Undergrad: 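First the structure, which I've put down as structure tokens, then a few questions once you've had a look.
Quick note on labels: first sequence line is chain A, next is B, and so on, each numbered from 1. Counting starts at 1 for both ligands and their atoms, following the listed order. Just so you know, these numbers use all the heavy atoms, side chains as well, and skip hydrogens, waters and symmetry mates.
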Amino acid sequence: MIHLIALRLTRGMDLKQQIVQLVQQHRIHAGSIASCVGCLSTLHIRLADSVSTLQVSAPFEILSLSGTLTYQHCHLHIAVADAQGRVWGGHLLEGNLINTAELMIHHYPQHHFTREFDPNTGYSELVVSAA
Amino acid sequence: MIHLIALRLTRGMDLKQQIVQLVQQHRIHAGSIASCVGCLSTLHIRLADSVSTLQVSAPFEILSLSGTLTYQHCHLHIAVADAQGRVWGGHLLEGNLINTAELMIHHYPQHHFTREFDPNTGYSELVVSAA
Amino acid sequence: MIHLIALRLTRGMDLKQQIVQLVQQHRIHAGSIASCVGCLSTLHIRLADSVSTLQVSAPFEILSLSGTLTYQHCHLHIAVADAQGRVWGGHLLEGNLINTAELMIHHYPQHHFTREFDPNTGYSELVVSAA
Ligand SMILES: [Zn+2]
Ligand SMILES: [Zn+2]
Ligand SMILES: [Zn+2]
């Protein structure tokens, strides 16, 4: 059965760090982000070329946060909107500071997500199994 | 156990109003938006500076809708794409009119979300409790 | 009870085709996209005017994927970010090729989603029923 874990984050908290801590705290071995309405005072993302990075200290509304949660690694992608309504996004890094964040995580106790090195990509990739 | 509530919205309906009505109708005290594929004929959002607003009467595809649902308040953020594929988004206001909208809401009967004034923000913020 | 189906997609796979195949394989008559963190080497979307289309062969990070899943039809909308962090999106078409894609689908065994022609729109639209 899918379980819900909800938590409000406050000013100054690091989004990615808080999610990783929540995952470890609840012994989550398989999960995803259900919702994350909120705002940031600092955005820090890795871009689509997998190398460039963007850090901006300005107000951003969090529109969506998607993530594959495993105990040892959280793969999170975010979409945010700036003061003009334009949307930006990419791979979530450390340093994304909350300005509230109404975080909701879905935990899948019956599953076990892990990550194993993939010679074809050069990165550790998702491996799905039953728990 | 997480429950699903699905509803197709039709031309002219107000997105936010329909969600609020659904929440009250089903006595939802804790929930989130599972999905909302569809399109709008009018977009109306509050921007990241928390004051500016954008209203546009043009076709927009709804890409994602995230929300913290409580009986007395729905905090919704939307991401939409215009005719050129560019994405815009922000805090959902009244006035977002459906052009279909395939709405799916997740209800958490075991939880109770409320909102209490936060002197540190000046707004009512999410408070999570067990139901 | 909501069920989770997770699958990692690899290089060259067609996103929409893989989702349709998963839906048919698991006899899903009602479902939605829970998460889809990943990246594409080719983007192909129908835009908000419901006619224009954009196909781009460049790296894109998948930020969010929303979809109404029925056995005979999957209505999917995607939001992706380019190498500069700018977000683009629209109605998912065939031809969106994976560069990984950590796909998670939620199946609703107690529901039955179908699509029936709507004279008011000219398209087949979502009809929700109990299973
Ligand atoms: Zn990534
Ligand atoms: Zn907001
Ligand atoms: Zn569509």
Side-chain angles (χ1 to χ4, degrees), chain A residues 16 35-40 45-51 53 59-63 65-68 73-78 80-81 89-93 99-102 115 121 123-126, chain B residues 16 35-40 45-51 59-63 65-68 73-78 80-81 89-93 99-102 115 121 123-126, chain C residues 16 35-40 45-51 53 59-63 65-68 73-78 80-81 89-93 99-102 115 121 123-126:
Chain A
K16 191 171 184 179
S35 185
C36 192
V37 182
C39 48
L40 304 172
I45 50 171
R46 186 180 64 195
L47 311 181
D49 57 10
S50 299
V51 180
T53 61
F60 290 99
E61 294 283 84
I62 301 176
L63 305 184
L65 181 66
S66 296
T68 295
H73 179 92
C74 288
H75 192 183
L76 300 152
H77 284 189
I78 195 174
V80 299
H91 180 94
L92 196 74
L93 300 173
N99 178 31
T100 195
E102 295 162 16
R115 298 188 75 89
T121 69
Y123 300 113
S124 302
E125 308 289 359
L126 175 70
Chain B
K16 191 171 184 179
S35 185
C36 192
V37 182
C39 48
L40 304 172
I45 50 171
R46 186 180 64 195
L47 311 181
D49 57 10
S50 299
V51 180
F60 290 99
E61 294 283 84
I62 301 176
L63 305 184
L65 181 66
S66 296
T68 295
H73 179 92
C74 288
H75 192 183
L76 300 152
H77 284 189
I78 195 174
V80 299
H91 180 94
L92 196 74
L93 300 173
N99 178 31
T100 195
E102 295 162 16
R115 298 188 75 89
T121 69
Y123 300 113
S124 302
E125 308 289 359
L126 175 70
Chain C
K16 191 171 184 179
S35 185
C36 192
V37 182
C39 48
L40 304 172
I45 50 171
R46 186 180 64 195
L47 311 181
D49 57 10
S50 299
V51 180
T53 61
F60 290 99
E61 294 283 84
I62 301 176
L63 305 184
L65 181 66
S66 296
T68 295
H73 179 92
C74 288
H75 192 183
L76 300 152
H77 284 189
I78 195 174
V80 299
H91 180 94
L92 196 74
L93 300 173
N99 178 31
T100 195
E102 295 162 16
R115 298 188 75 89
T121 69
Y123 300 113
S124 302
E125 308 289 359
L126 175 70

Undergrad: Using the side-chain contact (heavy atoms from CB on, under 4.5 Å) criterion, which residues pair with B/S66? Sequence neighbours excluded.
TA: A/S35, A/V37, A/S64
Undergrad: Hey, does B/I78 have a side-chain heavy atom less than 4.5 Å from the side chain of B/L40?
TA: yes
Undergrad: Using salt bridge (charged side-chain N to carboxylate O under 4.0 Å, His left out) as the criterion, list what pairs up with B/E102, not counting sequence neighbours.
TA: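 Counting only residues at least two positions away or on another chain, B/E102 forms a salt bridge (charged side-chain N to carboxylate O under 4.0 Å, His left out) with C/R115.
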Undergrad: Could you check whether the rings of C/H77 and C/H91 sit parallel, tilted or perpendicular, using 30° and 60° as the cut-offs?
TA: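 C/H77 vs C/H91 ring planes: perpendicular.
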Undergrad: Just so I know, are the side chains of B/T100 and C/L126 near enough to count as touching, which here means a heavy-atom distance under 4.5 Å?
TA: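 No, their side chains stay 4.5 Å or more apart.
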Undergrad: Check which protein N, O or S atoms are less than 2.8 Å from the Zn ion (ligand 3) and report how many there are.
TA: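 If we list every protein N, O or S atom nearer than 2.8 Å to the Zn ion (ligand 3), we get 3.
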Undergrad: Could you list the residues that satisfy side-chain contact (heavy atoms from CB on, under 4.5 Å) with B/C74, not counting sequence neighbours?
TA: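 side-chain contact (heavy atoms from CB on, under 4.5 Å) list for B/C74, sorted by chain: B/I19, B/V20, B/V23, B/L69, B/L76.
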